[PDB]
Amino acid sequence: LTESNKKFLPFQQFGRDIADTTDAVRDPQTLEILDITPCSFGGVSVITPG
Amino acid sequence: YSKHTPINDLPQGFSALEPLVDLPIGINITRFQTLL
Ligand SMILES: *[C@@H]1O[C@H](CO)[C@@H](O)[C@H](O)[C@H]1NC(C)=O
Ligand SMILES: *[C@@H]1O[C@H](CO)[C@@H](O)[C@H](O)[C@H]1NC(C)=O
């Protein structure tokens, strides 16, 4: 949840890109927009000379 | 939902209506009337 440069409409809470996946949220208590970047992941390859 | 727009007569312009009120639960409303 990092700060984002987006600017919601005053009534808007959700933030969504074209994936049906949430990518921004308006924080309820303090009115700010936070990003929803997923936690890092990826395959693990092993380089071996045999 | 509400919106207020100025004109010079439904104009040809485009303006989306911003939601403003989400009044809580009621029961079946099948009829209405305006308070003139
Ligand atoms: C609730 O009040 C205002 C309204 O958003 C906000 O600034 C404040 O941080 C919130 N929390 C408290 C404890 O006042
Ligand atoms: C209107 O809503 C009421 C809820 O109590 C229910 O009887 C029905 O869905 C509707 N009534 C009708 C169709 O007479």
# chains A, B, ... in the order shown; residues from 1 in each chain; ligands from 1
>>> interface_residues(of="chain B", to="chain A", cutoff="8 Å", atoms="only C-alpha atoms", output="mmCIF file with N, CA, C and O atoms, in the first residue's frame")
data_model
loop_
_atom_site.group_PDB
_atom_site.id
_atom_site.type_symbol
_atom_site.label_atom_id
_atom_site.label_comp_id
_atom_site.auth_asym_id
_atom_site.auth_seq_id
_atom_site.Cartn_x
_atom_site.Cartn_y
_atom_site.Cartn_z
ATOM 1 N N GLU B 18 -23.346 12.455 -11.160
ATOM 2 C CA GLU B 18 -22.550 11.982 -10.033
ATOM 3 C C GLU B 18 -23.463 11.475 -8.922
ATOM 4 O O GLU B 18 -24.367 12.197 -8.495
ATOM 5 N N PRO B 19 -23.267 10.247 -8.444
ATOM 6 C CA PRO B 19 -24.029 9.780 -7.281
ATOM 7 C C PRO B 19 -23.792 10.679 -6.080
ATOM 8 O O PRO B 19 -22.672 11.127 -5.833
ATOM 9 N N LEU B 20 -24.859 10.957 -5.335
ATOM 10 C CA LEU B 20 -24.675 11.772 -4.144
ATOM 11 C C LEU B 20 -25.396 11.198 -2.933
ATOM 12 O O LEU B 20 -24.963 11.439 -1.801
#
>>> residues_near_ligand(ligand="ligand 2", cutoff="9 Å", atoms="only C-alpha atoms and all ligand atoms", output="ChimeraX atom specification")
/B:27-30
>>> write_last_selection(atoms="N, CA, C and O atoms", output="short mmCIF file (atom, residue, chain, number, x, y, z; two decimals), in the first residue's frame")
data_model
loop_
_atom_site.label_atom_id
_atom_site.label_comp_id
_atom_site.auth_asym_id
_atom_site.auth_seq_id
_atom_site.Cartn_x
_atom_site.Cartn_y
_atom_site.Cartn_z
N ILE B 27 -39.16 -0.10 1.46
CA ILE B 27 -39.97 -1.22 1.00
C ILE B 27 -40.40 -0.91 -0.43
O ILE B 27 -40.02 0.12 -0.99
N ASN B 28 -41.18 -1.81 -1.03
CA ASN B 28 -41.61 -1.68 -2.42
C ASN B 28 -42.18 -0.30 -2.71
O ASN B 28 -43.13 0.14 -2.07
N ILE B 29 -41.57 0.38 -3.68
CA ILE B 29 -42.11 1.61 -4.24
C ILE B 29 -42.39 1.35 -5.72
O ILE B 29 -41.46 1.14 -6.50
N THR B 30 -43.67 1.35 -6.09
CA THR B 30 -44.09 1.17 -7.46
C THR B 30 -44.71 2.42 -8.06
O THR B 30 -45.07 2.41 -9.24
#
>>> closest_residue(among="A:8, A:16, A:28, A:1", to="ligand 1", atoms="only C-alpha atoms and all ligand atoms")
A:28
>>> residues_near_ligand(ligand="ligand 1", cutoff="12 Å", atoms="only C-alpha atoms and all ligand atoms", output="JSON list (two decimals) with N, CA and C atoms, in the first residue's frame")
[["chain", "number", "residue", "atom", "x", "y", "z"],
["A", 26, "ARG", "N", -9.31, 4.22, -1.76],
["A", 26, "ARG", "CA", -9.39, 5.43, -0.95],
["A", 26, "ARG", "C", -9.46, 5.04, 0.52],
["A", 27, "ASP", "N", -8.53, 5.54, 1.31],
["A", 27, "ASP", "CA", -8.48, 5.16, 2.72],
["A", 27, "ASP", "C", -9.65, 5.78, 3.47],
["A", 28, "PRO", "N", -10.40, 4.99, 4.25],
["A", 28, "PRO", "CA", -11.61, 5.54, 4.88],
["A", 28, "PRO", "C", -11.35, 6.67, 5.86],
["A", 29, "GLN", "N", -10.49, 6.45, 6.86],
["A", 29, "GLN", "CA", -10.33, 7.42, 7.93],
["A", 29, "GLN", "C", -9.67, 8.70, 7.43],
["A", 30, "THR", "N", -8.44, 8.60, 6.96],
["A", 30, "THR", "CA", -7.76, 9.72, 6.31],
["A", 30, "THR", "C", -7.92, 9.56, 4.80],
["A", 31, "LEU", "N", -8.33, 10.64, 4.13],
["A", 31, "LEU", "CA", -8.78, 10.55, 2.74],
["A", 31, "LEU", "C", -7.56, 10.62, 1.82],
["A", 32, "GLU", "N", -7.03, 9.44, 1.48],
["A", 32, "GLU", "CA", -5.89, 9.33, 0.58],
["A", 32, "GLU", "C", -6.08, 8.11, -0.31]]
>>> residues_around(residues="stretch 17-20 of chain A", least_positions_apart="4", cutoff="12 Å", atoms="only C-alpha atoms", output="ChimeraX atom specification")
/A:6,24-25,35-37
>>> residues_around(residues="residue B:21", least_positions_apart="3", cutoff="12 Å", atoms="only C-alpha atoms", output="PyMOL selection string")
(chain A and resi 11) or (chain B and resi 1-3+17-18+24)
>>> select_by_dssp(residues="chain A", states="strand (DSSP E or B)", output="short mmCIF file (atom, residue, chain, number, x, y, z; two decimals) with C-alpha atoms, in the first residue's frame")
data_model
loop_
_atom_site.label_atom_id
_atom_site.label_comp_id
_atom_site.auth_asym_id
_atom_site.auth_seq_id
_atom_site.Cartn_x
_atom_site.Cartn_y
_atom_site.Cartn_z
CA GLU A 3 0.91 6.40 -2.11
CA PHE A 14 -12.67 1.71 -5.36
CA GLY A 15 -9.91 1.97 -7.92
CA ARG A 16 -9.68 -0.49 -10.81
CA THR A 22 -8.43 -3.61 -7.65
CA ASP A 23 -5.42 -1.31 -8.06
CA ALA A 24 -6.29 1.70 -5.89
CA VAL A 25 -8.21 2.25 -2.66
CA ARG A 26 -9.39 5.43 -0.95
CA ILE A 33 -5.40 7.01 -2.39
CA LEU A 34 -3.21 3.94 -1.87
CA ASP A 35 -1.92 1.57 -4.54
#
>>> atom_distance(atom1="atom CA of residue A:39", atom2="atom CA of residue A:2")
11.8 Å
